[PDB]
Amino acid sequence: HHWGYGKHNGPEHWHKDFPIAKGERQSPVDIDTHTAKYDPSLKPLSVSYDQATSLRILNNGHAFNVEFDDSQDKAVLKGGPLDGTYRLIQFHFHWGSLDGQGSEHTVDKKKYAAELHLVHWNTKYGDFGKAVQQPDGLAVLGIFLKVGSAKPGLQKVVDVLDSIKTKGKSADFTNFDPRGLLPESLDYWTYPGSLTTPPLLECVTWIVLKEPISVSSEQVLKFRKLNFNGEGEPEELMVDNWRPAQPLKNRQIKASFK
Ligand SMILES: NS(=O)(=O)c1ccc(NC(=S)NCCCOc2ccccc2)cc1
Ligand SMILES: [Zn+2]
């Protein structure tokens, strides 16, 4: 009886194994665009992905992860609200059974078809494991997906999902350029929060880009053909792998833009 997204192991159950699920800085949240304050002191966000090295794509039974080589400072997030350098380790998505849901963060209660998380850890703490134990250990760059025109730089990812249908399957995934997944604008909201899956550690600076990327119906459809179950188990489609909005409590969301 492991945590998941079902009727009996879903987000309303997580607090039983992970009490921090009810804590003071949980993610995701609703972004109330009228309440977020412009902070003219937020530096521009710095995304240096030119030297990025992808290695592998993994179905972990909750999402798929594109893993990167993070043993050197090749793909880094800096500036914005961050002090110091955060190394890309992996990206993953959350998505819906239908285009009207899937995002974890919402904008004035609006759900997007999916949400991309580019996960980075603070180099000051030496590895990912130690960073998750720190209030400023991680920076997750959240990018909303809406359904329209295809995202060409996503197609390499969509085409390998056949090879990682079930939990525990992985495929070599070298030379994937994550710059293909960014929107034009780097305008963002930022707020202190948590991992959105167990163990729900309160170790994240969230940076959510205002501007969503467009993907095609056929692109998200291929996300929805993935399985939560392992090979030779009953088929449960990997859909609605998203945690709903959590109480904002004693937090301000700042905007990088007027
Ligand atoms: N959806 S999200 O962007 O908020 C997000 C959710 C989970 C992760 N987590 C990763 S990559 N590791 C696996 C779980 C945490 O690891 C630990 C590693 C060691 C000890 C304790 C925990 C990262 C981002
Ligand atoms: Zn995530």
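Reconstructed Cβ throughout: ideal geometry from the backbone, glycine too, with neighbour counts over all protein chains shown. Each reported figure results from applying straightforward, stated rules to the coordinates on display, with no laboratory input.
Data overview
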| read-out | value |
| --- | --- |
| Radius of gyration, Dmax [segment 168-258; alpha carbons; angstrom] | 17.1, 53 |
| Cα-centre dipole for the chain with unit charges at Cβ (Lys and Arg positive, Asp and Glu negative), debye to 20 | 500 |
| Rounded to whole Hz, the Karplus (6.51, -1.76, 1.60) HN-Hα couplings of segment 41-54, x for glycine and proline | 8, 6, 4, x, 6, 10, 10, 10, 10, 4, 8, 4, 10, 6 |
| Column: log10 I(q)/I(0), Debye, Cα scatterers of segment 105-209, q = 0.14, 0.20, 0.21 Å⁻¹ | -0.72, -1.25, -1.29 |
| Value of Rg/Rh across segment 181-221 [Cα atoms, Kirkwood radius] | 1.10 |
| Cα-based Rg of the chain normalised by 2.2 N^0.38 Å, two decimals | 0.95 |
| Dipole-positive endmost among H34, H62, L118 within segment 34-140 (Cβ charges, Cα centre) | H34 |
| Computed E for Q155/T123 - FRET, C-beta separation, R0 22 angstrom, nearest 0.05 | 0.10 |
| Residues in segment 141-178 reached by a label modelled at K74 [backbone nitrogen below 14 Å; 7 Å Cα→Cβ] | 173-178 |
| Full-extension gain in nm, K22 to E231, via 0.36 nm per residue minus C-alpha separation | 71.8 nm |
| Against the rule of thumb 2.2 N^0.38 Å, how large the Cα Rg of segment 1-148 comes out | 1.13 |
| Normalised contact order of the chain, rounded percent, pairs of Cα under 8 Å and 6 or more residues apart | 26 |
| Phi-based couplings in Hz for segment 143-152 (Karplus 6.51, -1.76, 1.60; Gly and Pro marked x) | 10, 6, 10, 10, 8, x, 5, 5, 9, x |
| Loop-located trypsin sites (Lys or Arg not before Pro) in segment 1-86 whose Cβ has at most 12 other Cβ within 10 Å (DSSP) | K7 |
| Per-residue [θ]222 nm for the chain (sum of -39500 (n - 2.57) over DSSP H runs n ≥ 4, rounded to 500) | -1500 deg cm²/dmol |
| Fully extended contour minus Cα-Cα distance, from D240 to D172, at 0.36 nm per residue | 21.9 nm |
